[PDB]
Ligand SMILES: NCc1[nH]cc(CCC(=O)O)c1CC(=O)O
Ligand SMILES: NCc1[nH]cc(CCC(=O)O)c1CC(=O)O
Ligand SMILES: NCc1[nH]cc(CCC(=O)O)c1CC(=O)O
Ligand SMILES: NCc1[nH]cc(CCC(=O)O)c1CC(=O)O
Ligand SMILES: NCc1[nH]cc(CCC(=O)O)c1CC(=O)O
Ligand SMILES: [Zn+2]
Ligand SMILES: [Zn+2]
Ligand SMILES: [Zn+2]
Ligand SMILES: [Zn+2]
Ligand SMILES: [Zn+2]
Ligand SMILES: [Zn+2]
Ligand SMILES: [Zn+2]
Ligand SMILES: [Zn+2]
Ligand SMILES: [Zn+2]
Ligand SMILES: [Zn+2]
Ligand SMILES: [Zn+2]
Ligand SMILES: [Zn+2]
Ligand SMILES: [Zn+2]
Ligand SMILES: [Zn+2]
Ligand SMILES: [Zn+2]
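Residue numbers (the entry's author numbering), protein chains in the order written: chain A, 2 to 324; chain B, 2 to 324; chain C, 2 to 324; chain D, 2 to 324; chain E, 2 to 324.
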């Protein structure tokens, strides 16, 4: 055949493939989410997330050293609360669980980058990401509280405050609150573009949220690409340090579009349902787990993410699969 | 002060800097240029390129194993000839030096990616990159010969033919010649955008070109960004597999512009004068050599290059500075 | 060969090359940086910058006339201080060295465009670009001082205030301070995009900074192109008159990208390490100095810079190489 | 007033204006058009172009040396014929005027870049830019002749063939003709975008065209910007070396648009009527001639032209106004 | 010849040319500038602008009816003052000339769109566009006065206030002043991009400005395309209703660039020197006046202007050349 162009010329050997490979994945790309339960003694398996456990508070300092020693740079803290109430007020108590997770991690590994998931769905009786009203989840009452939580997390050592509540104006509320309290240098990792996704099931189990109902009056419609971009760019305008697309794996179009619309860094969250889908299919012999995980994570990087939140991170680090 | 945006938030610690670092440099990014002299016994120091030596042919198989064992993926071959003539005909002889460099490297390390610098300036009495005429360097007579050289290099094992002659239509001539001889899978690494630069001095010494005069009737004016882009895009149209900007270090604007005008891979050559400038200033105590080299190479990557030709490559690999 | 396109047609003669040359370099493109030491009598050679000297204050008026008579349009002032302290307060004293450099230059050559490097690394005991804290270099305490320095430099005659401290919000702080003091017409040449580069070594020696440590918590990571652009565009939003990329020579991708993202003028600083690399390699015979310098400077112009800060400037002017 | 942005800051002095001036004009930017009449003895004033003269053939060698000695790089040749006929056949005679103008210029100043206006309006009885038909100016019969003329001009020494006939497909016809005759290196300066302009009056007088009628069936409508761009891009596709917008002075929108649609070089012709408008208004005291000319030429450069054809060129060079 | 594309197909007849003509010129495109001298009896010829006269105030009401009856939609008023002073204060007097020109025009032809040139160069002893200082033309003192003038022009009937002073922040000053005085509906036709051009000579004579010196510390450098665009976009940000490029004829690149950077309307001023160049060359027989004028004006329209200020306007209207 007369073909001057032959893309196969660069695919002949593993060496040629490695030379020309456009996208690289390292431990510098990963953030490890961690589940911490107060007032328990034994690690608790999350059945819907095979291989993931709730870490007892009493063991946290141990676990964070281990995470640190594998070479992981950063964790995102999630609390399982034994102190829920109508407004999630334990989350703005100086020594409530949110504060203690951050304080423990930072005291034990001072160079660990600590990001504190900042919401109320894990602290509220009713299970919603904020203050419940006759009218539904009250945006502006929730904002005030997000500010108060951010202040105590920052006071306790958190490097990033990470508002996962999907409230309008939450970046700006948290920014004003950090600054007025003297935490000008504490960063905001906004969950800027966060969809009302069906991929979050296993996280219900891991983090114990009490919600009967849905988050569709605050979290945005999966199908809305224009609105997705807009949601993120609003957060840039309010001063966030890092944007984020969540979930990630079924949203790589969104990642890429955002990448071309901002210069800020972008995170992408490989959520619990994505984790569960890989684990369960691998348990069943249907895929090779390690190859799928690397491909899934690589894809998230290819699409434009600077940082990826992954539950696989510690395992990949302890096995030296990434460095 | 009232500043909501504080870029310094992400620069606080080495860990934060590493997380947010936009550009990564690995051994998969490097090609090692090598100087091979036929019919000598001892390694010959290049004074103008401290730390670089001409490798005797008789020692090549040894050197290529060593290069391979450091983890280097690819080399670019340059010959010092003891058989020069009016047309550089040793370079299209089946068993001339060009062919033997390629044959030795590939026989000794079959997975080594071998790229053969493809010209006549090292093989001609007069020292020009081709067939000398009354009218100057004859473009089309030179093209015919480039084809013949490409065929013998490919026959001998070269993965890439790399025309450094800066002749109009050289990609297409070499492509037609490889294909008509049955080397459809042999690739073309064009020196697509190659400037008539004053940064090539030390290479005169290393490769022993006999030229008294200049290359300005073929190599393009350093100052011509529009023409630079055009020169590369012509090569894409003729079917090259990889484009290249040379020199690189004072041409990162060019790299970046090209990056946004093509999807092909792009190489960038960190030439002998750049090497010499780093080495001599470091010898004099004026800079830290290792920090400068990493920054120089990183910059070339940042600007958009997929591959970088660097004389530092083996040292960085043997020292485990890159992997 | 059948080639309708032959780029070589326009490269045949020097005359054709000159007609089609896309980028021109003149003295209107150069700013000369100058080192002035207070309370000394003899010129002091900077060993790491061959051919550069510290000029005694007592000789400044002489040197500035000479610079002026060569046709140089503008200088950037750097002081070597015999009055350092914890905060660099000599730099906001009405008659401190910063003020006197500017006053002398302007009184002696009223039409000389004077730009005053505006920082504290040359005036502080500890050697940092500002107010040292438990927490590191305090951004906002540093800003206040930058304002006070800008006011005295402007009062003394400086045409441009040039903040090289890499503090967040420094353009706006200096702007508000100049305006509130009645210096509305004094311009800001921001060192907008200034990288934590290893190319600044020889400047340690020339300007005598006391720093043991690094500037990486304020100066930005070399590898971060997105952040580089953003850093500059923030400065445009705060009202700077001119932006700047520093270093320049390994950052021409950055220059070009910025060029397409703003209409403001852009400067580019050919820093001490670039100077040293050219000088040392030329001393060693490895390159032709004059050809390299012209090519380096031309490249900076090609990439999009309106102004270039170069230590070669006076020599090129006195020799009539540029006009 | 509270204005942070003050563009006037950079306009304070001539020195500041020169530093920030975006566009520069040199002799490397100019091509001098010249009128040569065969078979006359005295220089003949063109009344409609004050200060311009027809140069007798017998004096050409003298005039071209003078032009060369002023520092002019290039001329465009126009003949006044004493041998007109139905087809303009003197223009493809080996020793016809077109050939002799080129031969004389190149023999006398071998480094002079000679461009030969390539048409038939100056050689035809009827005065049209080609072969007259019942149907009007026959495009394809004209093309054949353009080829034959190009061959004799190239044989005689012309560096550029410059088809001013505005015939469809003229670049390609001339290219094929130069190549088949062995003039592969002879360049094409196409009058790519040439409008049916009322600014060409004084050229009727200078070049003595016999036309009673108009050129509107070949030269394009002044008002058609889309078609203007398209006309030029067709010429790029046929292989021209340089494009051109003519006239220039009332067509700077066209220049700029084209500049952003191609990487080729662009010329712009400051035509006879523009020349006459400046000269007559200056004669009348209404403008300062030198200031207007510099501004007019600068504007043409600003708009994006690499080369400008100007009747003022020799005067500006002899007076050292440009260098 | 084998050419499928033949642009000449659409140029065969005048009918085909008219069908495909991309750009149309009507009286709806023209604004007529008018010179009015107070306290004179006879019309006064402007020698440098053949065919233009100063209109005595006493005859204005007559002239404006005539202008109106030719179909002209709009005039721009320029006064010749018999009451100059250090600050141009007659221009903010309730019944000063600026006010009376506007009042007369609007009272006599209520539907005439009146635009009032808004400056001080015609009202000042020293002849500058504002308040003279030790430091030169004081920007902010001038702004205050521009506000006061705008208020009296608006009070007197002006539809547009048109600040030709080239002062920083003049749109915003005039906007705030109109609004605070209750003239919210009075429009601003900013002379947004106004160059320090040598094409304004004949206007010195027509409008009698006393300036010995230049306007280069306020009017922008002809050569600065980037700054030109920026100057206009600042004016859009301050709320102007219409932007303007002046001069126009040598600035069509600027018009077109601006056209693609804003949605506002754009005016373009065909200044006195352009007028004089056409008139003097036509007087001399060198061009056909009517054909040149139509082409010049058409070109300004082609380049993107919505409105064109032309001294030819009334003549073209009275002759029914445009409608
Ligand atoms: N604020 C809630 C929160 N923060 C993190 C996630 C899910 C993360 C995962 O599924 O791994 C959720 C749950 C939800 O929003 O419905
Ligand atoms: N075909 C010549 C060739 N191939 C490689 C280089 C220089 C590479 C270097 O300087 O490291 C040169 C020399 C030149 O082109 O003038
Ligand atoms: N404010 C510091 C300053 N201003 C100028 C430079 C270096 C200029 C050169 O290297 O020529 C430096 C040093 C540094 O930032 O580390
Ligand atoms: N082929 C004709 C030709 N070549 C140059 C010009 C005019 C150049 C000038 O007016 O200076 C003209 C005349 C026309 O096309 O009508
Ligand atoms: N404010 C001055 C003003 N307003 C109109 C013009 C010139 C208009 C013309 O030349 O037709 C000028 C003169 C100048 O700015 O120097
Ligand atoms: Zn409890
Ligand atoms: Zn929640
Ligand atoms: Zn939101
Ligand atoms: Zn031998
Ligand atoms: Zn060569
Ligand atoms: Zn090429
Ligand atoms: Zn002292
Ligand atoms: Zn400093
Ligand atoms: Zn900054
Ligand atoms: Zn004859
Ligand atoms: Zn013609
Ligand atoms: Zn055409
Ligand atoms: Zn009076
Ligand atoms: Zn004025
Ligand atoms: Zn303005």
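Think of the CB as a built atom: it goes at the ideal place given N, C-alpha and C, for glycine as much as any other residue.
Within the same chain, show all residues whose beta-carbon is closer than 8 Å to that of residue 297 of chain D, passing over the 5 residues directly before and after it, in chain order. Position 296 of the fourth chain holds residue 297 of chain D. The residues are 250, 271, 275, 279.
List, in order along the chain, the chain B residues whose C-beta lies closer than 9 Å to that of residue 11 of chain A? Mapped onto the first chain, residue 11 of chain A falls at position 10. Going along chain B in sequence order, the residues near residue 11 of chain A (Cβ under 9 Å) are 188, 242, 243, 266.
Exposed unless 16 or more other CB atoms sit within 10 angstroms - verdict on residue 212 of chain B: Counting from one through the second chain, the residue named residue 212 of chain B turns up at place 211. Result: exposed.
Considering just the uninterrupted stretch of the beta strand (DSSP E) at residue 118 of chain D, what are its terminal residues? For the purposes of this step, residue 118 of chain D is taken as the residue at position 117 of the fourth chain. Note, residue 118 of chain D: beta strand (DSSP E), 114 to 119.
List, in order along the chain, the chain C residues whose C-beta lies closer than 9 Å to that of residue 176 of chain D? Taking the first residue of the fourth chain as 1, we reach residue 176 of chain D at position 175. For a Cβ distance threshold of 9 Å, residue set 5 of chain C lies close to residue 176 of chain D, ordered along the chain.
Residue 122 of chain B CB to nearest heavy atom of ligand 2 below 7 Å: To locate residue 122 of chain B, count along the second chain from 1; it is residue 121. Answer for residue 122 of chain B: yes, Cβ within range of ligand 2.
Relative to the alpha-carbon of residue 203 of chain E, which residue among E:187, E:51, E:33, E:95 has its alpha-carbon at the smallest distance? If you number the fifth chain from 1, residue 203 of chain E lands on position 202. Shortest Cα-Cα distance from residue 203 of chain E to any of E:187, E:51, E:33, E:95 involves E:51.
Determine, for residue 169 of chain E, whether the minimum Cβ-Cβ distance to residues of chain D falls below 8 Å. Here the question's residue 169 of chain E lines up with position 168 in the fifth chain. It does: the Cβ of residue 169 of chain E has a partner Cβ on chain D nearer than 8 Å.
Please indicate yes or no: does the CB of residue 38 of chain E lie closer than 7 Å to some heavy atom of ligand 18? The residue you call residue 38 of chain E lines up with position 37 of the fifth chain. Result no, Cβ not under 7 Å from ligand 18.
On the CB-based measure, 16 or more other CB atoms within 10 Å of its CB, does residue 19 of chain E come out buried or exposed? Position 18 of the fifth chain, counted from the start, is the residue given in the question as residue 19 of chain E. The Cβ neighbour count for residue 19 of chain E, taken over all protein chains shown within 10 Å, is under 16; the residue is labelled exposed.
Can you tell me which of D:195, D:178, D:223, D:288 puts its alpha carbon nearest to the alpha carbon of residue 200 of chain E? Counting from 1 along the fifth chain, the entry for residue 200 of chain E is found at position 199. The candidate whose alpha carbon is nearest that of residue 200 of chain E is D:288.
Which residues in the same chain as residue 91 of chain E place their Cβ atom closer than 7 Å to its Cβ, once the five residues preceding and following it in sequence are excluded? Counted from its first residue, the fifth chain places residue 91 of chain E at position 90. Once the five neighbours on either side are set aside, the close Cβ partners of residue 91 of chain E are 82, 84, 97, 98, 124.
Residue 131 of chain B and residue 138 of chain B look like a contact to me (Cβ under 8 Å); what is the Cβ gap, rounded to whole Å? Here residue 131 of chain B corresponds to residue number 130 of the second chain, with the count starting at 1. Here residue 138 of chain B corresponds to residue number 137 of the second chain, with the count starting at 1. Yes, they are in contact, since the Cβ atoms of residue 131 of chain B and residue 138 of chain B sit about 5 Å apart, within 8 Å.
Near-chain D residues of the region 211 to 231 of chain B (beta-carbon distance less than 8 Å), N- to C-terminal order: Answer set for the region 211 to 231 of chain B: 227, 228, 230, 231.
Between the region 9 to 16 of chain C and the region 171 to 180 of chain B, do at least 3 Cβ pairs fall closer than 8 Å? No contact exists between the region 9 to 16 of chain C and the region 171 to 180 of chain B.
If we count the other Cβ atoms within 10 Å of its Cβ and call it buried at 16 or more, is residue 243 of chain E buried or exposed? Within the fifth chain, residue 243 of chain E is the residue found at index 242, counting from 1. Classification for residue 243 of chain E: buried.
Residue 191 of chain B to residue 168 of chain B, Cα distance in whole Å? Counting from one through the second chain, the residue named residue 191 of chain B turns up at place 190. Counting from one through the second chain, the residue named residue 168 of chain B turns up at place 167. Looking at the two C-alpha atoms, the distance is approximately 11 Å.
Opening and closing residue of the beta strand (DSSP E) in which residue 269 of chain D lies: Position 268 of the fourth chain, counting from 1, holds the residue named residue 269 of chain D. Note, residue 269 of chain D: beta strand (DSSP E), 267 to 270.
For residue 194 of chain E, write down the residues that DSSP places opposite it in a beta bridge. As a first step, residue 194 of chain E must be located in the fifth chain, where it is residue number 193. Under DSSP, residue 194 of chain E takes part in a beta bridge, and its partners are E:246.
Of all Cβ atoms in chain G, is any one closer than 8 Å to the Cβ of residue 319 of chain C? Looking for chain G here will not work: the only protein chains present are A, B, C, D and E.
According to DSSP, residue 164 of chain E sits in a beta bridge with which residue or residues? If you number the fifth chain from 1, residue 164 of chain E lands on position 163. Bridge partners of residue 164 of chain E: E:119.
Contacts that residue 20 of chain B makes with chain A (C-beta to C-beta distance below 7 Å): As a position in the second chain, residue 20 of chain B is number 19, starting the count at 1. Going along chain A in sequence order, the residues near residue 20 of chain B (Cβ under 7 Å) are 29, 74, 75, 114, 308.
Going by DSSP in three states, residue 313 of chain E sits in which element: helix, strand or coil? Locating residue 313 of chain E in the fifth chain gives position 312, counting from the first residue. DSSP places residue 313 of chain E in coil when its eight states are reduced to three.
Beta-bridge partners of residue 36 of chain C, as assigned by DSSP: One-based indexing of the third chain puts residue 36 of chain C at position 35. Partner(s): C:79.
Where do the ends of the alpha helix (DSSP H) carrying residue 255 of chain B lie? As a first step, residue 255 of chain B must be located in the second chain, where it is residue number 254. Here the alpha helix (DSSP H) through residue 255 of chain B covers 253 to 260.
Counting contacts by CB-CB distance shorter than 8 Å, is residue 258 of chain D in contact with chain E? Residue numbering aside, residue 258 of chain D sits at position 257 when the fourth chain is read from its first letter. Closer than 8 Å: yes.
For residue 143 of chain B, the residue or residues it bridges with in DSSP: Indexing the second chain from 1 puts residue 143 of chain B at position 142. Residue 143 of chain B pairs with nothing; no bridge assigned.
Residues, ordered as in the chain, of the region 289 to 314 of chain C that lie near chain D by beta-carbon distance below 8 Å: Along the region 289 to 314 of chain C, going in chain order, the ones with a CB nearer than 8 Å to a CB of chain D are 307, 308.
Can you name the start and end residues of the alpha helix (DSSP H) that residue 67 of chain C belongs to? To locate residue 67 of chain C, count along the third chain from 1; it is residue 66. It spans 61 to 70 - the alpha helix (DSSP H) in which residue 67 of chain C sits, taken as one unbroken run.
On the criterion of 16 or more Cβ atoms from any shown chain inside 10 Å, does residue 106 of chain A qualify as buried, or is it exposed? In the first chain, residue 106 of chain A corresponds to position 105, counting from 1. Counting Cβ neighbours within 10 Å, residue 106 of chain A comes out buried, since at least 16 surround it.
Start and end of the alpha helix (DSSP H) containing residue 15 of chain C? For this step, residue 15 of chain C is matched to residue 14 along the third chain. 15 to 21 is the span of the alpha helix (DSSP H), which, as asked, contains residue 15 of chain C.
For the region 244 to 264 of chain A against the region 25 to 40 of chain B, are there 3 or more C-beta pairs whose distance is under 8 Å? Contact fails between the region 244 to 264 of chain A and the region 25 to 40 of chain B, because fewer than three Cβ pairs, one in each stretch, are under 8 Å apart.
Let me know the secondary structure DSSP gives residue 189 of chain A once reduced to three states. On the first chain, residue 189 of chain A is found 188 positions in, with the first residue counted as 1. The answer is strand: DSSP assigns residue 189 of chain A an E or B state.
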